[PDB]
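Below are the chains, spelled out letter by letter.
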There are 2 protein chains.
Amino acid sequence: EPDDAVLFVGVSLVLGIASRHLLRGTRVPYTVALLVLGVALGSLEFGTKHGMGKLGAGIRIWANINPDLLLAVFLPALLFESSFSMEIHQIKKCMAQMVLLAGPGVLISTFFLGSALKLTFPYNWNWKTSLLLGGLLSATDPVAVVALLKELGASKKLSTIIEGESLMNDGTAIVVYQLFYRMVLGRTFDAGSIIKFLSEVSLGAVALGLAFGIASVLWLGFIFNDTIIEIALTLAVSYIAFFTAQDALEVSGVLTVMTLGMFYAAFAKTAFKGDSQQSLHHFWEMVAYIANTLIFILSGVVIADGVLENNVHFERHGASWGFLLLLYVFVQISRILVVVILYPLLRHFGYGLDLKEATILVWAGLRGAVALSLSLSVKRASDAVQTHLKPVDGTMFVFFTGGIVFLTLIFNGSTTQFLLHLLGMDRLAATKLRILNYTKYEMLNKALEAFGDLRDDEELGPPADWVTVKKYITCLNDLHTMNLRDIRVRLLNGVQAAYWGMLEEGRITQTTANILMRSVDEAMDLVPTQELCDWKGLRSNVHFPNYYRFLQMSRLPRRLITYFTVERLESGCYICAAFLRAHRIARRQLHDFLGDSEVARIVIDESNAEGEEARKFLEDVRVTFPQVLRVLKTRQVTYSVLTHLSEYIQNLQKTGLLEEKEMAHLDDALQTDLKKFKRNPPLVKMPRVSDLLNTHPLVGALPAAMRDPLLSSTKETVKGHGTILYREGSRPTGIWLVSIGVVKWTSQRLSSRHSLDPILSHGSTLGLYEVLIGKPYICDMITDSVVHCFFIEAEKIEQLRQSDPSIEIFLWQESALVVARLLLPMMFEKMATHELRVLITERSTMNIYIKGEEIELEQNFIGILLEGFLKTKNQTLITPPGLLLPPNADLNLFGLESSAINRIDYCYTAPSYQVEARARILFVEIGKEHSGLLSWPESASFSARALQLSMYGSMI
Amino acid sequence: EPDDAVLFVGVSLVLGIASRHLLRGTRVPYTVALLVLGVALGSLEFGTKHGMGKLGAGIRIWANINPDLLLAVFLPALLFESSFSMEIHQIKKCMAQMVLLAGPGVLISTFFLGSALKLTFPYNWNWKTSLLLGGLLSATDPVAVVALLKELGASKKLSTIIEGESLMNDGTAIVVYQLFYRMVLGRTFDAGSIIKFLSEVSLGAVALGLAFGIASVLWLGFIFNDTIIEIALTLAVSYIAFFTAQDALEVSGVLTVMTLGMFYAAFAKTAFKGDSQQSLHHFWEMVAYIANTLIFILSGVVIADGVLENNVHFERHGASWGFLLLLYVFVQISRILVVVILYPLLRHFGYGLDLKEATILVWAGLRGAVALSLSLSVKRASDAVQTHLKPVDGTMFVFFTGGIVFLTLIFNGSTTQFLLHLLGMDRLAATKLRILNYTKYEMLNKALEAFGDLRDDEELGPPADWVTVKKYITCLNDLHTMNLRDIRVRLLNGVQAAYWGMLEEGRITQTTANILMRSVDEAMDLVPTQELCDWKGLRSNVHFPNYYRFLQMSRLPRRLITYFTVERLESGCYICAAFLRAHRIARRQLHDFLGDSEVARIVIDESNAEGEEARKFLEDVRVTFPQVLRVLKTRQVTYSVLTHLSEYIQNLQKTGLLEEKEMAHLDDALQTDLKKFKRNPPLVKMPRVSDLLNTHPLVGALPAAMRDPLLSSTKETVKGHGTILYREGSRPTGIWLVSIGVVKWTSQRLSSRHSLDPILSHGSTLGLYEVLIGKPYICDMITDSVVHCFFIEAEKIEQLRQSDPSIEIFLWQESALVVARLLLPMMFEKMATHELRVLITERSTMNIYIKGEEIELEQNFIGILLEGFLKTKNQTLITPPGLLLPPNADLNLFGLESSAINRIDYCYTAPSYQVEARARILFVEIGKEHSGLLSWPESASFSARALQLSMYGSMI
Ligand SMILES: CCCCCCCCCCCCCC(=O)OC[C@H](COP(=O)(O)OCCN)OC(=O)CCCCCCCCCCCCC
Ligand SMILES: CCCCCCCCCCCCCC(=O)OC[C@H](COP(=O)(O)OCCN)OC(=O)CCCCCCCCCCCCC
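- As documented in the archive entry, the model was determined using cryo-EM at 3.09 Å resolution.

- Labelled according to the PDB entry, chain A appears under the name OsSOS1, originating from Oryza sativa Japonica Group.
- The title given for this PDB entry is "The rice Na+/H+ antiporter SOS1 in an auto-inhibited state".
- Checking UniProt for chain A, the heading Subcellular location (unreviewed entry) contains the comment "Cell membrane".

### Considerations on the overall build of chain A
Next up, step 1: When helices and strands are counted, chain A shows 38 helices and 16 strands.
Next up, step 2: Over its C-alpha atoms, taken along the principal directions, chain A stretches across nearly 120 × 70 × 65 Å.
Next up, step 3: Counting every position in chain A, which comprises 956 residues, the buried fraction comes to 57%.
Next up, step 4: Here chain A carries 88 positive and 93 negative side-chain charges, and the mean point of each set is 6 Å from the other.

### Quick notes on the pairing of strand β4 (residues 743-746) of chain B
Residues and elements named next belong to chain B.
Next up, step 1: Taking every second residue as pointing to the same face, the buried face of β4 carries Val743 and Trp745, while none of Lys744 and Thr746 on the other face is buried.
Next up, step 2: By the bridge criterion, 2 bridges tie β4 to strand β5 (residues 759-760) in an arrangement that is antiparallel. For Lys744, the partnering residue across the bridge sits in β5 and is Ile759.
Next up, step 3: By the bridge criterion, 4 bridges tie β4 to strand β7 (residues 780-783) in an arrangement that is antiparallel.

### A look at a nonpolar patch on the surface
Next up, step 1: Where nonpolar side chains cluster on the molecular surface, the patch consists of A:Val329, A:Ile333, A:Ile336, A:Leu337 and A:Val340 and spans about 380 Å² of accessible area.
Next up, step 2: Structurally, A:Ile336 is set in helix α14 (residues 319-346).

### Overview of the packing of helix α5 (residues 88-120) of chain A against α14(A)
Residue and element names in this part refer to chain A.
Next up, step 1: One way to put it is that α5 packs onto α14 with a least axis distance of 9 Å and a crossing angle of 145°. Crossing of α5 against α14: the hand is right-handed.
Next up, step 2: Of the residues that constitute the contact of α5 with α14, the class distribution is 20 nonpolar, 5 polar and 1 charged.

### A closer look at the interface of chain B and chain A
Next up, step 1: On the chain A side, the residues contacting the 149 residues of chain B number 149 residues.
Next up, step 2: Each partner contributes to the roughly 13900 Å² buried at the junction of chain B and chain A, and carbon and sulfur atoms together form 68% of this total.
Next up, step 3: Per-residue buried area on chain B facing chain A is highest for B:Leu454, B:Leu460 and B:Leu657; these three make up 6% of the total on that side.
Next up, step 4: Where chain B packs against chain A, one counts 16 salt bridges.
Next up, step 5: Where B:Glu458 meets A:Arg584, a salt bridge forms, and the shortest distance between an N and an O atom there is 3.4 Å.
Next up, step 6: Applying the counting criterion to the chain B and chain A interface returns 38 residue pairs in polar contact.
Next up, step 7: With 18 residues, helix α29 (residues 628-655) of chain B is the largest single contributor of residues to the side of chain B that touches chain A.
Next up, step 8: Here the residues of the side of chain B that touches chain A sort into 81 nonpolar, 33 polar and 35 charged.

### Things to note about the site of ligand 1
Next up, step 1: Neighbouring ligand 1 are A:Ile61, A:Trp62, A:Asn64, A:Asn66, A:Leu69, A:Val73, A:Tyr239, B:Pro2, B:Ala5, B:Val9 and B:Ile61.
Next up, step 2: Flanking ligand 1 are residues from chains A and B.
Next up, step 3: The separation between an oxygen atom of ligand 1 and a polar main-chain atom of A:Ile61 is 3.1 Å.
Next up, step 4: Within the contact set of ligand 1, a nitrogen atom lies 2.9 Å away from a side-chain nitrogen or oxygen of A:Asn66.
Next up, step 5: Within the complex, 60% of the 950 Å² of free accessible area of ligand 1 lies under protein.
Next up, step 6: If you list the elements that add at least two residues to the shell around ligand 1, you get α3 (56-63) and α4 (67-84) of chain A together with α1 (3-22) of chain B.

### Digging into the side chain of A:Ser19
Next up, step 1: Looking at where A:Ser19 falls in the secondary structure, it is placed in helix α1 (residues 3-22).
Next up, step 2: If we ignore the near neighbours within four places in the chain, the residues touching A:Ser19 are A:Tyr30, A:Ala33, A:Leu34 and A:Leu37.

### What to know about the sheet that holds strand β16 (residues 919-925) of chain A
Residues and elements named next belong to chain A.
Next up, step 1: Overall, mixed pairing links the 5 strands, which are arranged β9-β16-β11-β13-β14 in an open sheet. Of all strands in the sheet, those bounded by a partner on one side alone are β9 (845-849) and β14 (907-908).
Next up, step 2: The sheet contact formed by strand β11 (residues 861-867) and strand β13 (residues 883-884) spans 2 bridges and is antiparallel. Directly across from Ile864, in β13, lies its bridge partner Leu883.
Next up, step 3: Its contacts with the sheet put helix α36 (residues 806-823) on β9, β11 and β16, and the angle it makes with β11 is roughly 120°.

### Regarding the state of the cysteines
Next up, step 1: Summed over the entire model, instances satisfying the criterion amount to 0 disulfides over all chains.
Next up, step 2: A:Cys573 provides the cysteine sulfur closest to A:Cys576, a residue in no disulfide bond, and the two sulfurs are 6.9 Å apart.
Next up, step 3: Take A:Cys576: its relative accessible area is 0%, and that puts it in the buried class.
Next up, step 4: Lacking any disulfide linkage, B:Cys533 is separated from the closest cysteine sulfur, that of B:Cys576, by 16 Å.

### What to know about the relation of the copies chain B and chain A
Next up, step 1: When chain B is fitted to chain A, the best match, at an RMSD of 0.0 Å, comes from turning it 180° and sliding it 0.0 Å along the axis. Given the turn and translation reported, the copies of this chain are related as if by a two-fold rotation axis. The C-alpha atom lying nearest the rotation axis in chain B is that of B:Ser279; the distance is 2.5 Å.
Next up, step 2: Looking at chain B, 100% of its interface residues are interface residues in chain A too, so the copies touch through the same face.

### Brief notes about the packing of aromatic side chains
Next up, step 1: Going through the model one piece at a time under the given rule, you end up with 81 aromatic pairs over all chains.
Next up, step 2: Both rings, one in A:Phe8 and one in A:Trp62, keep their centres 5.5 Å apart while their planes meet at 40°; by these two values the pair is tilted. Here A:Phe8, found in helix α1, pairs with A:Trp62, found in helix α3; they are 54 residues apart in sequence, far enough to count as distant.
Next up, step 3: Overall, A:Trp62 belongs to the buried group, its relative accessible area being 15%.
Next up, step 4: Residues B:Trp535 and B:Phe579 carry aromatic rings whose centres are separated by 4.8 Å and whose planes lie at 35° to one another, so their mutual orientation is tilted. Of this pair, B:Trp535 sits in helix α23 (residues 535-539) while B:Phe579 is found in helix α26 (residues 570-594), placing the two residues 44 residues apart along the sequence. One exposure class covers both B:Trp535 and B:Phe579, and it is buried.

### Remarks on the environment of A:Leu766
Residue and element names in this part refer to chain A.
Next up, step 1: Turning to its location among the elements, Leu766 is positioned in strand β6 (residues 764-766).
Next up, step 2: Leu766 sits in the buried class, given a relative accessible area of 0%.
Next up, step 3: Along the sequence, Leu766 and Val743 sit 23 residues apart, while their C-alpha atoms lie 9.1 Å from each other.

### Some words on the pairing of strand β11 (residues 861-867) of chain B
Residues and elements named next belong to chain B.
Next up, step 1: In terms of burial, β11 is largely enclosed, as 7 of its 7 residues are buried.
Next up, step 2: Looking at chain direction, β11 and strand β16 (residues 919-925) are connected through 5 bridges and run antiparallel. Considered in β16, the bridge of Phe861 is made with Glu925.

### Quick notes on the pattern of salt bridges
Next up, step 1: Using the criterion set out here, one finds 60 salt bridges over all chains in the structure.
Next up, step 2: The shortest N-O distance in the salt bridge between A:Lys446 and A:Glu442 comes to 3.9 Å. Separated by 4 residues within a single helix, A:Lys446 and A:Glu442 lie in helix α19 (residues 433-453), roughly one turn from each other.
Next up, step 3: Between B:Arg801 and B:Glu808 there is a salt bridge, and its shortest N-O distance comes to 3.6 Å.

### Points about helix α18 (residues 415-423) of chain B
The periodicity of an α-helix, 3.6 residues per turn, causes residues three or four places apart in sequence to face the same way.
Next up, step 1: Burial in α18(B) covers these residues: B:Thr416, B:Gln417, B:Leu419 and B:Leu420. Buried positions in α18(B), seen along its axis, are confined to an arc of 165° and lie on one side of it. Opposite its buried face, α18(B) presents the exposed residues B:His421 and B:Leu422, each directed more than 90 degrees away.
Next up, step 2: On the buried face of α18(B), the contacting elements are α30 (660-679) of chain A together with α7 (144-150), α15 (356-363) and α17 (391-413) of chain B.
Next up, step 3: Positive phi appears at B:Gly424, one or two residues downstream of α18(B), with a value of about 135°.

### A short note on the nonpolar core
Taken as a class, soluble globular proteins show a tendency for nonpolar side chains to be buried jointly.
Next up, step 1: In this structure, A:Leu132, A:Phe400, B:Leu132 and B:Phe400 are the most contacted members of the largest nonpolar core, which totals 292 residues.
Next up, step 2: Contact partners of A:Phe400, with chain neighbours within four places excluded, come to A:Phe121, A:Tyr123, A:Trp125, A:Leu133, A:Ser320, A:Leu324 and A:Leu327.
Next up, step 3: In this structure, B:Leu448, B:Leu503, B:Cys576 and B:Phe625 belong to the second largest nonpolar core, which totals 86 residues.

Reading the values: the criteria
Residues numbered from 1 in each chain as written, not as in the entry; some residues may be left out. Chains lettered and ligands numbered in written order. Heavy atoms only, no water. UniProt positions renumbered as here; feature names shortened; annotations may be inferred. Helix = DSSP H or I, 4+ residues; strand = E, 2+ residues; numbered from the N terminus. Buried < 20%, exposed > 50% of the residue type's maximum accessible area, 1.4 Å probe, protein only. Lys, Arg positive; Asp, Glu negative; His and termini not counted. Charge placed at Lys NZ, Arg CZ, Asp CG, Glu CD. Pairing = 2+ DSSP bridges. Patch = residues over 30% accessible without salt bridge, like charges linked within 9 Å, V, L, I, M, F, W, Y side chains within 5 Å. Areas by Shrake-Rupley, 256 points an atom, 1.4 Å probe, with all protein chains shown as cover. Salt bridge = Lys/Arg side-chain N within 4 Å of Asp/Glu carboxyl O. Axes fitted to C-alpha atoms, helices over the stretch in contact; angles between N-to-C directions. Left-handed = near helix turned anticlockwise from the far one by under 90°. Nonpolar A, V, L, I, M, F, W, Y, C, P; charged D, E, K, R; others polar. Contact = heavy atoms within 4.5 Å. Buried area = accessible area lost by both parts, 1.4 Å probe. Polar contact = N/O pair within 3.5 Å; in protein donor to acceptor, adjacent residues only side chain to side chain. Near = heavy atom within 4 Å. Disulfide = S-S within 2.5 Å. Least-squares fit on C-alpha atoms. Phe/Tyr/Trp six-rings, centres within 6.5 Å; stacked < 30°, edge-to-face > 60°. Arc of directions from axis to C-beta. Core = buried A, V, L, I, M, F, W, Y, C linked by side-chain atoms within 4.5 Å.

Here it is, written out as structure tokens:
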């Protein structure tokens, strides 16, 4: 006969499925239908003489479940998913408010509801039974409210508040119930006794949870490439922790399971694989679904059993059916009182709480399966021979808690969306409409591209038209007046597009991307009145390391001192770096889109002024801990490489070109590398002087000979912020090889109207064009941050130009880069180093013309007169720093616009030119994903070795 | 006290984890360590007076498990994963051999081993107990052998044979055990009775399995976007089916669970989501892992309990410890005899079986958890008050089966790799080394590209060198003499690269890709002696539809007649289409790589002769069922679009730009579309005549006016294979607008030396250049398959050219496409329609020169003299079909090589040209993933509307 038990479980699941399939889209949850079906099954089995057969025998086997086994089997499953799948950052920033709703809230609710049950209900309960039942009804449901918020559509702050309030409240309400239930059994009490009991239970639960989490994370760290082992470890450790807490030490078990779930959620990236992240969550969601369905089917059956057994709780008199509604009203009043009493505190702590998101927090008081489990446990413990707990009192408890569980879900849970819509919320911001429409546009473009690519076929013929194929896909079924308000939104849209691109290209993880996107989203609401403010959200993540107090303090192993400083500074450095990249890209895109307009310039100035705090924190990390940034960048590049290789290996397995052994070996190696990286990330040594000089394109690409001379008598120098390298006008006495840092260039005669970032990064050569032409410097360069630089005097460069006829052309190709980034900043500033180097050294043509020849720029060619005096009628003398444009070229398209704001005399538009001295000209030819969000509605050879050294660290 | 039970489970899992973590890499499995730990726990609990506490109490609770509950709980979990995760195509093509090892094999083993136990063992067993124990030892383990093959590295044929033999054998050996066990209880028997029992059990099991599978697939079909529901449905249905079979109808339960698993594996794509495919498998692997660990821990405990209880099976006398080895020898001899008796049959049925892969099939006789479960069930059924089965006999059975389970895994399972290496197998083919090295090269390239892209940073500085970052990633740690043998391998490598590209670009699913890759792999072994033979593997998949007999037969609903014909022809049409695309791409790539060489030409001819069977089956589908190909192509394009949109939506969720409600809606719509497509794929109507004419680029891009004239008096014509459109030399009387089909062009004076496919697909215009120049046709075009074509007489085209000055240039741009695909086939034949159209209509320059002007081809420009008589010294007269090359151009790089094999007189290399009549010239400028596998070691305006109509079905 025990086999029938299995049947029950099976059958229950089926019912669950049905209830979760038909009652979808409708607002009433399916757990109410589950409870009704359970009551029906229990009544059929226990009331009718024939009842059921081979299934009723499986219901009875379950209706007599042990009071302790029930909890030990069903509570860890119910709680581990809710505790494990929760954002740590959000609650950590909101943890102040949740402490007020967890401790004081549960205390107030428990004592009110229980004091009301003692003074009103007629069952002659003493002051322990009533407050026992009051401790039950103070336990929310982390799954019911999770589903409600899934189908609700409220702001994220309120969602996080409710989702945490419920889980933290569940830990506290279970503790109080444990206390009052132990007291109901007969044990005496006292102030000291109550204090010791509460302290022991509460704190030992968390201690055991943290111990088990630490021991099982330390173990998981060494499990390379096997997901079944990790899932089984989580399961076994959760259940062992619950058994050890609730049944070995006599501490709270729900608290231990919650602490374990949270300790796992905090260390998910470090311990579990990246591909086993969606399988783990799905396994635990399946476990939690089974647990809820089984408990809701079981609780109905047990309620029906008790009712039919005693017969004093149904049709005996309307007393019970009225006192149930009275208890519901009391629960509502208790929640209202808790909220109204903690409002003066919940208003200005963590997140705000105005009348709206406080009237929506009082309604979402859904009861779930934890209260039902506790009621079933109490009823089962009473069904035995217990002088203290009578059987009628146990079924009085199974009846009231299940009755309150049904009325709360049908009324509060169904009318939580109607109320949220009535209050005024649930309306799109009208600034997310643009993002939605742009995403729909980008989806339509992807679909069009795929269709167009897959159309040519000689065998299967052509497909149907594009419209006939779009009618099937319903994912695409339906979709200068500029004020200071809209441009501040276009800039934030550009920032969002930059964040999107950075995460897609692998430059930032998904956690950092989510943090930055949340910051931008919370900032796009204050733009209608306040200036651009995106730095608020990240200011709490960019706290200068509190570790710095302790690096000043002495810790014995430098592994600990270097390891912990690179782990408190790791998130802030990445966030400020990404904030300052996204903002620099957004400024450039906005300048390109809205041209030069007074409002666009003011918004750009707002962004420039906003970036100052991040710039200063980055400057402070560079001087206080010099080796942190290099380690962080190396880790970033290594993680990007590993992610790309992982994506490539996963695509190879689908095809079947490689056998099981070889691909299993490939995958094993890749996963071992990924886990060894995420567990003990590598630390990069410091770079030697003579090493940096060899990674610099100019000095690195030179031959072994004629290089010992340049490197000898070259001393690296570390210059601080604001130091002047060379002033404009002074004679050309050097070239400064910037290998680490940034240098900002300023000029008095060069257009600084279209230059939004006059900075030259590492691997650059400053002052070479000027030492080649032998003339005074054309700009005043000043360091922008800490810069490691080398200075080679002019003589050495002259000797090197005199050495080989091919190290004269190399020097010129290397100086043309800086000359073109300086003269024409509107074209050659948005370009990356690789692209500009390719276009200026490979696809650009450097010609030398003898005296007398004629130069006629074809309409498509712009040219920079690198060297030599060129002549033209009425304009005989022309200085070498110079730009030759097509006679009819539109300046406004290249900058150079001669205006009162910026004077331009280094550009020439003439019919033809005639060489006056031996000239050297450079001719260049003229006429990225998600960047359209901003303005959507309106729209070998030395050169190859240098390019290698500039792309990769060393020549390959 | 029941709570302790939970502990046991938990603890067991931990042990499992440990045993599965330490005993990795080593050859001895971990289940033996599991059994040893279980024996240790059982001996500690039952032998010592103190034993254990709060855990031993949980062991006893388990050691007294019900004999039926044990099976009902543990067998479905053990069997559903093995039955569900199995290739259907492989076993279906090998199912002949598995029937011989399943029925006759189990019968022979059972009767031998059981006849030997009766004649040798001294326990005075009767002829039912001995053959009961003999029915146990005939049940293999689908999980032990699965893991063994995972860690073995043998061919795929032997792997599939063993993996199926074990699962099919498990279904048959359980049936026999059920029979003999029911007989041991006391029931009488007879020939008729035995026959009825066997038939009822065996067939009713499969019937119930198929019924449950059908009912649960029909249900799953309507579950849109929820994975938990699908996993819970599989679980609940599996357990309900097992309970209904084993405990309600008295039929075999393992057979029902196996039938259900197979019915699910056959309908995995149609019922389950694409993202819930890795979570379902992982959930069921977790269930199976728990089941194995629990059973192996439980069986050890029960063996120890029985031994310590009776004390006649350990140290009573060496009789037991010797008869155990004797029974092991008997099992080995029984397997050897089965194989030696079925060899004459297993040799030439399905897959072959030579001495090697038959000596490796005799060694892989691992016993697992099914035999242990049956032994535990028998011992438990005996432990009760049973006059038939004594307790000593039950523990004699738990001891022997567990003892045989341990000796088989330690000896056979550990020395199955040593034997496979000794026999000679386990050596790479030396033709997979090239693919492995090329994959390593492509991984290194991806890593280099990612590193180079992620290097420029103004904030975080530069990373370390490339070598310092590659030292961390260990996935990259380590890596004209041409005969008819190697070129036949390069062609197959090109075919493999084409298959890889087609699956990546979404043109074929993963099942078709695996089929084709398996065919190519099995074919690359016969090339050393036999010609190119890839069509063998697919000839069994390309069977002309057996449905055609039934389309001749009358089925009442055309939904059924059209639906079933598009489902028997669906896989063969896709396979032949992909075979003929991959082979056409491989031929082209090989001709490009090895130039014109006698061996390369012979290999190309071999491939051309091999493609004939697929070409003919495709021709037969086009005439017998005309609307099938259009429906298949529309489904292909729609599935590619949906896959691309799904990938795009999954990437959007990671960023957090869109709220929970909007993305949940997007994902819901996408998943609903995907499931409605995979469940009821759409059928495309037939194309109307006046519709096709409007999708043709030339006639479609014309304005509404001057189009009514062309379309009027135009009658579509369907011409069959080999029909002649127009012969070379005849006066130009028409233009044929090919909109569906293919036309092959042949010439007598045009080079057919570098043209590997002279075919023009749909949406092409033939005979327009000739009606424009008013001269005889320049090639003889003949249909290549069934072709739907329209004929507009010459007058109409002349009227249309006279109509507008901009519909003269459009006609010329449209004729230049065919002229350039015809004259210079080495450049303009590998190009897709989109690329060639862009390059010839947008990036190519058509100029008209007046009489007398001079033409000087710049060194980088090739030019086609579309119209007019051009002159040059000593070469006054030059006909318009003509090609002008740079005076120093290398013909061998463009074809045109004047040689005895192919004569060329339409190409001219001269210093300069002088117009003799008003000339019209066209100038073109001169100087893809995984295609390097072959030769790896050695290396608006009318035009825009036409391009739109050619890319997408209609103008957008
Ligand atoms: C969702 C994840 C759950 C993980 C489960 C962890 C392992 C569970 C271990 C099962 C323990 C078995 C309990 C047992 O031995 O049955 C005894 C119990 C009745 O015990 P008695 O009433 O005789 O106790 C005497 C005083 N009351 O039996 C009864 O009469 C009631 C039957 C209780 C069945 C409990 C089964 C566990 C839930 C199974 C669902 C799993 C779904 C995958
Ligand atoms: C891996 C997927 C498994 C899916 C499980 C499906 C639901 C399982 C339903 C559990 C049924 C509970 C059985 C029960 O009521 O306990 C009784 C049994 C002992 O029964 P008695 O010996 O008293 O029977 C009288 C005559 N022999 O109890 C005992 O003394 C032995 C204890 C048996 C425990 C069985 C628990 C199931 C396995 C739990 C593991 C799940 C892991 C997630």
